[PDB]
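Here is the structure we will look at.
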Amino acid sequence: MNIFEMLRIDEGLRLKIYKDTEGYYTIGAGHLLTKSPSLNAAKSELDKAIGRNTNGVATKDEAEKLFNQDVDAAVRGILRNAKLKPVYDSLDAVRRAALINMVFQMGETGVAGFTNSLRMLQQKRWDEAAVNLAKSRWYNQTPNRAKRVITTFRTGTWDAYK
Ligand SMILES: [Cl-]
Ligand SMILES: [Cl-]
C-alpha cells in the first residue's frame with residue numbers, strides 16, 4: 001500500500017466531469033475544477049488543465065497525470081507549511097500518508113486549522129488525536145473516508161485499507 005493506492009481508493013478515478021460530495025465539478029481522482037455552478041466554466045477549466053479541447057472528457061493517462069501533479073502539490077504544500085511541516089517530519093511513513101490524504105482532500109489551510117489534533121499527533125498521543133479529529137465537519141460529512149484516515153493515524157498500519 002502507498003499514498004497513490006490509498007487515494008485511489010478514497011477518490012476513485014472518473015473520466016467524465018462529475019460533482020464531488022459538495023456538489024462541485026471535478027474530474028479524475030478528486031481534481032476540483034471549479035466551485036462555480038457553471039458546467040461551462042468547468043469545461044473551460046478542464047481544457048486549460050489538460051491542454052486540449054476536451055469536451056468534459058479526459059483519457060486515463062490525462063487523469064493520472066492530474067493525479068500525480070496533485071499528490072506532488074499536496075506534499076510540497078505540507079513541506080512549505082510552517083504548521084504542517086513539523087508534524088509531518090515527526091511521523092512514520094504510514095501516518096505521513098494519512099496526513100497527505102487529509103491535505104489532498106481539504107487543502108493545506110484546512111488541515112493547518114486542526115491545531116489541537118496536529119499537536120496531539122506531534123506528541124504521538126494516538127487515541128487522543130483520533131478522538132479530536134472526529135469532532136469535525138470533515139468526519140460528519142464524509143464519515144467512512146474520515147474513519148479510514150483516522151484509523152490510519154491511530155494504528156500506524158494500513159488495516160483500514162486492506
Ligand atoms: Cl491544474
Ligand atoms: Cl465517506
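Would you confirm, using the coordinates I've provided, whether residue 10 is within 16 Å of ligand 2 (Cβ to nearest atom) and surrounded by 13 or more Cβ atoms within 10 Å (Cβ to Cβ)?
Criteria met by residue 10.
Given the options 67, 114, name the one that is away from ligand 2 (no atom under 16 Å from the Cβ) and touching a strand residue (DSSP E or B) at 6+ places or on another chain (Cβ under 7 Å).
67
From the residues in segment 32-67 that are surrounded by 13 or more Cβ atoms within 10 Å (Cβ to Cβ) and among the polar types (S, T, N, Q), which one is farthest from residue 13 (Cα to Cα)?
The selected residue is 36.
From the residues in segment 29-40 that are of a type outside the set (S, T, N, Q) and more than 12 Å from residue 56 (Cβ to Cβ), which one is nearest to the chain's Cα centre (by Cα)?
30
State the number of residues belonging to segment 120-162 that are surrounded by fewer than 18 Cβ atoms within 10 Å (Cβ to Cβ), free of Cβ contacts under 8 Å to residues at least 60 places away in the same chain and either of a type in the set (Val, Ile, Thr) or more than 23 Å from residue 1 (Cβ to Cβ) (or both).
Of the residues in segment 120-162, 11 are surrounded by fewer than 18 Cβ atoms within 10 Å (Cβ to Cβ), free of Cβ contacts under 8 Å to residues at least 60 places away in the same chain and either of a type in the set (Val, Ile, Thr) or more than 23 Å from residue 1 (Cβ to Cβ) (or both).
Does any residue of segment 126-137 turn out to be under 22 Å from residue 31 (Cα atoms) and either part of a helix (DSSP H, G or I) or within 16 Å of ligand 2 (Cβ to nearest atom) (or both)?
Yes: one or more hits.
Don't worry about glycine lacking a Cβ; one is built from the backbone with ideal geometry, like all the others, and counts go over all protein chains shown. Any read-out appearing in this document is the output of simple, stated calculations on the displayed coordinates, not a laboratory observation.
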